[PDB]
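Below sits a lone chain in structure tokens, taken as the form deposited in one PDB entry.
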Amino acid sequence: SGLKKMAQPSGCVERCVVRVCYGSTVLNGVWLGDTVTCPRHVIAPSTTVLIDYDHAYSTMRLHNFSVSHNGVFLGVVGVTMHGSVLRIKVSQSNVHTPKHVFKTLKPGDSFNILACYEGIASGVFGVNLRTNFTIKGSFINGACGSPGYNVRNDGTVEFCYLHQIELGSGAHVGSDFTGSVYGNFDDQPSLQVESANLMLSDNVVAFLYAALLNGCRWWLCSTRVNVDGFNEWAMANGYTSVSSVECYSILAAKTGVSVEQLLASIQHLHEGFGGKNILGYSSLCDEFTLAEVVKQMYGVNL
């Protein structure tokens, strides 16, 4: 038993992290096959003024790069720029490249972040992409290029995130491996601000099922609500729509409680917990996905 936000193991991703340096600027990259992908920030000139990346790219010289894995330097063959990332062709392939694909996350998706500094991983944690296209992680100077990944049920690594910048608000912004910044934020300092976060209803439903399976049921509500009604309430109260109901069948069967009864319970609990808690939480928890709850409680995939 227990429900804890965890990361999928990081070994296969650690073996792909590299240190990328251009002039004095250092950040992290990901080495897959004969290509290193990293944020284009690495070629920015030192200045406080707006960076013109097209000009930075045109004045770029290959000899200014150094790329290394565990202190072993790689030859740089060529560099191209794609959105907010660089693709650096190197002169040998990573022999420890995992079976992998590239995936662009959608809000509500869980993934793992490997926080790296100077091409060496320091921490790994699970995180959710928020409705405002940011995450809440923990990064300090040098974390740029820290990768996000998921490992599919079949073992394939999905590469989905490269850390780009922290907004003034503290929100964390990354791009996918194609260079598209999640939420269309600028990949350089600015005054941009993310939209207000919405609670992930699908995850709250999963959380309440976990609570029921632990004998915590004081909060169950007997009012009638359907998905359409809940979704209208959600829009008015800072919650996402619930996506669907049937996917919860494994948990609905184990508990005898329908998703619609949980939706009614969310509406009630919005009023307050009146000093009580659910699995130790004093407010609704949207940290855990359905997949996570089923995996952690029953050891199976959906």
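In this text, rigid core is short for the largest set of C-alphas that superpose within 1.5 Å between two forms. Residues carry their position along the shown sequence, with the first being 1.
From this point on, the text means the form deposited with a partner chain bound, which you will not see here.
Enquirer: Which of these residues, 165, 212, 79, 206, gets a heavy atom within 4.5 Å of the partner chain in the entry with it bound?
Expert: Only one listed residue qualifies here, and that residue is 165.
Enquirer: Name the single residue among 229, 155, 75, 189 that comes within 4.5 Å of the partner chain in the entry with it bound, judging by heavy atoms.
Expert: Selected residue: 189.
Enquirer: Can you say which of 217-225, 85-93, 167-175, 98-106 gets within 4.5 Å of the partner chain in the entry with it bound, counting heavy atoms only?
Expert: In the other structure, the partner sits against 167-175.
Enquirer: Any of the heavy atoms of residue 51 lying within 4.5 Å of the partner chain in the entry with it bound?
Expert: Residue 51 belongs to the contact set for the partner chain.
Enquirer: Please check if residue 160 has a heavy atom lying within 4.5 Å of any heavy atom of the partner chain in the entry with it bound.
Expert: Contact check for residue 160: no, nothing within 4.5 Å of the partner chain in the entry with it bound.
Enquirer: Quick one: is residue 144 in contact with the partner chain in the entry with it bound, heavy atoms, 4.5 Å cut-off?
Expert: Within the cut-off, so yes.
Enquirer: Does superposing the core leave residue 120 with a CA shift of 2 Å or more between this form and the one not shown?
Expert: The answer is no, as the C-alpha of residue 120 shifts between this form and the one not shown by less than 2 Å after core alignment.
Enquirer: Quick check: residue 32 between this form and the one not shown - does its CA shift reach 2 Å or more after fitting the rigid core?
Expert: Residue 32 C-alpha, core-superposed: shift of less than 2 Å.
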